[PDB]
Ligand SMILES: CCCCCCCCCCCCCCCC(=O)OC[C@H](COP(=O)(O)OCCN)OC(=O)CCCCCCCCCCCCCCC
């Protein structure tokens, strides 16, 4: 129970957890430093409600959109890369998302990939970000061997890692239930972003490495904080939404500052 004090919303959610009526794609208990799987699920339900409320306000939707745009751009230019491609892919990704008629199909795809809830957390934070990080945490058998090769120039290691990323993304694209849907639109973004992150987390640049490491650190810390009952109030939905919003702005400012925007 640690420092957990009695909270209305939290206990309401915990009821559901004990019934078994709260679902999740991947347990993030240890990563997000929760007390237990039960604790994680309760807080998860609460966070879902919080974002569901938060994203009705169009100002906040704009905040998150703009934030994503700027942070990925900053990462890209700090990787000595041009952000134009990513900017366009991101943009029409959003324009596709805003179309209300796309959403049943999107629901089908995401459910087909294990997403158990149409929520900002489930889609953007868990399915898109934390999965990307968990992916670049464990590169293929082959890639690593190419990386520990003393004889290869690191320009070659660059193009090699790029090729590997494209190969993985290709195998993923082959399994698309829909050619031009949510996950495809996202696979283009991934096409323009994943190589950079990969060569940051695995490459020997050592200044791309620091930037990437700190980027990931900021995101993961943001999520940890979001699941911290002492950082945010799991008492009511309006209060949790207020706290999560402020946390978002804070950590955003921090990351922007680090990237030099
Ligand atoms: C430091 C940390 C800072 C905070 C984190 C910032 C994260 C930035 C996220 C930017 C997108 C916000 C979308 C706002 C609209 C919304 O949220 O839509 C919430 C809806 C549920 O609501 P709805 O269906 O009822 O309709 C809502 C009205 N449209 O589901 C969604 O998610 C759909 C939106 C999906 C957008 C995907 C964008 C992917 C960006 C990937 C970045 C590159 C990563 C590459 C990794 C290889």
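Every residue, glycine as well, gets a Cβ built from its backbone with ideal geometry; the counts of neighbours run over all protein chains shown. Each reported figure results from applying straightforward, stated rules to the coordinates on display, with no laboratory input.
Overview of results
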item: Some residue of the range 52-64 being out of contact with any strand residue (DSSP E or B) (no Cβ under 6 Å at 6 or more places or on another chain) and under 27 Å from residue 173 (Cβ atoms); result: yes
item: Positions within the range 99-133 being closer than 17 Å to residue 188 by Cβ, free of Cβ contacts under 8 Å to residues at least 24 places away in the same chain and over 15 Å from the mean Cα position of the chain (by Cα), in sequence order; result: 99
item: Hey, residue 93 within 18 Å of the chain's Cα centre (by Cα) and either exposed (fewer than 14 other Cβ atoms within 10 Å of the Cβ) or farther than 19 Å from residue 209 by Cα (or both) or not; result: yes
item: When residues of the range 103-129 are limited to those that are assigned to a helix (DSSP H, G or I) and more than 10 Å from the ligand (Cβ to nearest atom), the one farthest from residue 199 (Cα to Cα); result: 104
item: Residues satisfying the stated conditions in the range 217-228, i.e. touching a helix residue (DSSP H, G or I) at 6+ places or on another chain (Cβ under 6 Å) and either away from the ligand (no atom under 15 Å from the Cβ) or not in a helix (DSSP H, G or I) (or both); result: 227
item: Of all residues in the range 27-46 being part of a loop (DSSP other than H, G, I, E, B) and within 16 Å of the ligand (Cβ to nearest atom), the one that is nearest to residue 5 (Cα to Cα); result: 32
item: Search result, residues across the range 229-261 that are free of Cβ contacts under 8 Å to residues at least 24 places away in the same chain and within 16 Å of the ligand (Cβ to nearest atom); result: 231, 232, 242, 243, 246, 250, 253, 257
item: Matching residues in the range 81-90 - criterion: being surrounded by fewer than 18 Cβ atoms within 10 Å (Cβ to Cβ), touching a residue at least 12 places away in the same chain (Cβ under 8 Å) and either within 15 Å of the chain's Cα centre (by Cα) or assigned to a helix (DSSP H, G or I) (or both); result: 85, 87
item: Qualifying position, being assigned to a loop (DSSP other than H, G, I, E, B) and within 23 Å of residue 73 (Cβ to Cβ), among 214, 261, 254; result: 261
item: Complete set of residues in the range 47-77 that are touching a residue at least 40 places away in the same chain (Cβ under 8 Å), more than 16 Å from residue 129 (Cβ to Cβ), near the ligand (Cβ under 8 Å from one of its atoms) and assigned to a helix (DSSP H, G or I); result: 52
item: Residue 7, sole failed condition from (1) under 20 Å from residue 122 (Cβ atoms); (2) surrounded by 18 or more Cβ atoms within 10 Å (Cβ to Cβ); (3) away from the ligand (no atom under 16 Å from the Cβ); (4) touching a residue at least 60 places away in the same chain (Cβ under 8 Å); result: (1)
item: Residue identified as on the phi < 0 side of the Ramachandran plot and free of Cβ contacts under 8 Å to residues at least 60 places away in the same chain among 142, 194; result: 142
item: Qualifying positions in the range 51-61 - under 17 Å from the mean Cα position of the chain (by Cα) and over 17 Å from residue 115 (Cα atoms); result: 55, 61
item: Every residue from the range 138-167 that is assigned to a helix (DSSP H, G or I) and in contact with a helix residue (DSSP H, G or I) (Cβ under 8 Å, 6 or more places away or on another chain); result: 142, 143, 146, 147, 157, 158, 160, 161, 162, 164, 165, 166
